[PDB]
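Below: the structure, in structure tokens.
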2 protein chains.
Amino acid sequence: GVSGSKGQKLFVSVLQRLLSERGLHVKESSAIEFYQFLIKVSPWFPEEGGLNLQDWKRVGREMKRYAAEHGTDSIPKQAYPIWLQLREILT
Amino acid sequence: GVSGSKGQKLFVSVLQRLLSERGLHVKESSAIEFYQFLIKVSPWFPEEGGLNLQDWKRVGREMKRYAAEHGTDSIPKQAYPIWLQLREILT
Ligand SMILES: *C(=O)CCCCCCCCCCCCC
Ligand SMILES: *C(=O)CCCCCCCCCCCCC
């Protein structure tokens, strides 16, 4: 269950592994910010979610919902690009 | 939330991705049994650990100590095979 920085090291390490295999590298600081954004919008994801296209699509919808409510500038510039690359991996 | 299976779906999904790309397939129930064993012996791992050799070697030591103390029949048969394969994936 998420709470602050809990799970952050492991998430970042898995994310970096997945993206790097497609030739895309993310700074650790950017990957941390992405994690913090994800658990803010979709806290159910570590707890109840799977790394599968269905649940990842739900995360995407929830990220877009957040932008609709708080504005585009409110979300990390790397969030949609990282989300999209993981979506492609899951296809 | 007081679900007893927090994180289990995410774990099973990531484990099955990593193992399948090496040609190895684990029954869902077996992957769940492994997760429950992992968080029993090494509750710090999802919280603070990463998918790296130092952390995974530590989980390895802790699993072995559990076996020394409780006997090898108290441990899932698939636990050491799974741990070993993940050690190699990190190498
Ligand atoms: C709170 O939500 C608990 C979160 C537990 C997440 C399960 C851990 C996810 C691990 C996936 C990677 C496993 C690699 C060995
Ligand atoms: C998971 O199901 C979250 C449940 C959290 C329950 C909190 C209940 C707290 C009751 C005691 C409150 C005392 C302080 C006012």
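Protein chains get the first letters and strands the later ones, always in sequence-line order, with residue 1 at the start of each. Because only heavy atoms are used, hydrogens play no part in the values below, and waters and symmetry mates are left out as well, while side chains stay in.
- Annotation: cation-pi geometry not satisfied between A:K40 and A:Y35 (NZ/CZ under 6.0 angstrom from ring centroid, within 45° of ring axis).
- Proximity of B:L10 to A:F45: side-chain heavy atoms (C-beta onward) are separated by under 4.5 Å at one or more points.
- Although no hydrogens or angles enter the test, the distance criterion places a donor-acceptor pair under 3.5 Å between the side chain of B:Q78 and the main chain of B:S30.
- In this structure, the portion of A:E48 lying under 4.5 Å from any heavy atom of chain B is its backbone and not its side chain.
- In this structure, A:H25 and A:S20 approach most closely via the heavy-atom pair CD2-OG, 3.2 Å.
- Residue contact with chain B, scored on non-hydrogen atoms closer than 4.5 Å, involves the backbone and the side chain of A:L90 alike.
- Nearest heavy atom pair, residue A:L51 against residue B:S13, reads N-OG, 2.9 Å.
- Heavy atoms closer than 4.5 Å to chain A are found in both the backbone and the side chain of B:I89.
- Between B:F11 and B:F34, the angle of the ring planes stays under 30°, which puts this pair in the parallel group of the 30/60° scheme.
- Defined by atom type and a distance below 3.5 Å, a donor-acceptor pair is missing between the side-chain atoms of B:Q16 and B:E28.
- Residues B:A79 and B:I75 approach most closely at CB-CG1, 4.0 Å, considering heavy atoms.
- Along residues 53-63 of chain B, the residues that come nearer than 4.5 angstrom to chain A, judged on non-hydrogen atoms, are B:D55 in order of number.
- With a 4.5 angstrom heavy-atom cutoff, B:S3 does not touch chain A via any of its atoms.
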